[PDB]
Structures are given as C-alpha cells and as structure tokens.
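Consider the single chain below, provided in structure tokens and representing the form deposited in one PDB entry.
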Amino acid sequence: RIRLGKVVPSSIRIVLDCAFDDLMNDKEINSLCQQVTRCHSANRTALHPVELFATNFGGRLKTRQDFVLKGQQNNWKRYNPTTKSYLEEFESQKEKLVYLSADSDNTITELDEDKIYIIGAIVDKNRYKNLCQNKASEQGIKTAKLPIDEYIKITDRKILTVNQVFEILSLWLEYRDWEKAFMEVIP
C-alpha cells in the first residue's frame, strides 16, 4: 500500500483479549498467534499507530509465540502484553472500554481518542453464540460493532479475523472513511 502523510501516533488503545485459549485446538492457537503478529505489523506501519495491548496473555499462546519468533516479540513497541485482564490494567478507566462484537445493537461511527477498544482473541468465533457480548455485558461494559454491514455479506461478516478487525480500525484512523478502510482490508 501507499500511505499519504506524516506519521502521528494515536492516544487510542486497542486490546487483544487473549483469555479464550480454552476454546481452541493447537492449530487454532497457531493461527491466532499469526494474527496477533499481524496486528502488530499493521500497527508498525500505520499512519496513526496505537498502543496495542495483549491482556490475559499466557499459556499455549505465549508458548507458540516465543517458539515461532524466538524472542523478537520482546522488541516490539508500542506493544504491551500482560497476564492481567483488561479489567485490571484499566481499573481506573473502565467506562472508557468498548468491546467490539458483531452481535451488538450498537454501532461505532467513529473512534474516540480517549477510548479503549477490545478485540476478542478468538479463532472461528462463530461457534460461540454471543460469546463476546455475554462477556462484556456481564462486566457492565459497552459493546459495539463496526459500521460495515453495507459492505459485507452477513455470512462473511462472521468470518472476519482478529487482524482484519484491527486493520479496519487502524486504517479508519488514516482515512476517516469506514468504506475506504474496509475495502483496503478485504478485497
């Protein structure tokens, strides 16, 4: 791709919620692990890089990572992995958390610089009905989906990966146009 303009970092924080390794087999972990790297690489070159968080980061996911990258991950900026839940890291900013979920009745129309956007670090999330709605709802936090229904077939929407959702958000900061952003990532 070709990026127009000067790189200005963003205040926004984006959290990969990695507490779902109960759910996946090894192959799915291996695949999640690659999508995590991919989020970081798209962040590395964004026009407006965020602070990327990996919460509840551990277990088979951390293992697969160190296995594949052999330590390069520790050199990643602006990248904050932590065993703590996003609920802990952001104890003082709970009302600033937004859990993204295709099942929300809310829709993002813009991202705010003061907010914290969560992506469930889960593969084939389609086997799990309302999985991320249930979780955030139970926590008292707001959920929202991306405003992309006019651009994606409902059966493809459910198939969007963790880096795809990240890339859409990152690319939105650059173009401030949800359709330019979406099209850049999908076709």
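We number the residues from 1 along the sequence you see. Shifts are known only where both forms have a C-alpha. Take the two forms, superpose them, and find the largest set of C-alpha atoms that agree within 1.5 Å; that set is the rigid core.
Separately, the form solved in complex with a small molecule exists; it is not shown, and the next lines address it.
Handout entry: Distance check, residue 97 to the small molecule in the deposited bound form, heavy atom within 4.5 Å
Key = Answer no; every heavy atom of residue 97 is more than 4.5 Å from the small molecule in the deposited bound form.
Exercise for the section: Mark residue 128 yes when one of its heavy atoms lies within 4.5 Å of a heavy atom of the small molecule in the deposited bound form, and no otherwise. Expected result: Residue-level check for residue 128: yes, a contact with the small molecule.
Practice task
Verify the contact flag for residue 144: yes if a non-hydrogen atom of it lies within 4.5 Å of a non-hydrogen atom of the small molecule in the deposited bound form, no if not.
Solution key: Answer yes; at least one heavy atom of residue 144 falls within 4.5 Å of the small molecule in the deposited bound form.
Problem - in the deposited bound form, residue 116 touching the small molecule (heavy atom, 4.5 Å) - result: Contact with the small molecule, no.
Problem - Interface residue in the deposited bound form among 14, 19, 165, 24, criterion: non-hydrogen atom within 4.5 angstroms of the small molecule - result: That would be 165.
Practice task
Work out which of 38, 60, 44, 158 lies within 4.5 Å of the small molecule in the deposited bound form, going by heavy atoms.
Solution key: By the 4.5 Å criterion, the partner-contacting residue is 158.
Practice task
Using the rigid core as the fixed frame, list which single one of 27, 153, 70, 127 shifts its Cα by at least 2 angstroms between this form and the one not shown.
Solution key: Single residue meeting the criterion: 153.
Practice task
Might you say whether the CA atoms of residue 36 and residue 154 end up closer or farther apart in the deposited bound form than in this form? Their distance differs by 3 Å or more.
Solution key: Relative to this form, farther apart in the deposited bound form.
Handout entry: Direction of the Cα shift between residue 137 and residue 159 in the deposited bound form, where the change is 3 Å or more
Key = The answer is closer, because the C-alphas of residue 137 and residue 159 approach each other in the deposited bound form by 3 Å or more.
Exercise for the section: Could you point out the stretches of 3 or more consecutive residues whose C-alpha atoms all move by 2 Å or more between this form and the one not shown when the rigid core is superposed? Expected result: Only one moving run appears between this form and the one not shown, namely 153 to 159.
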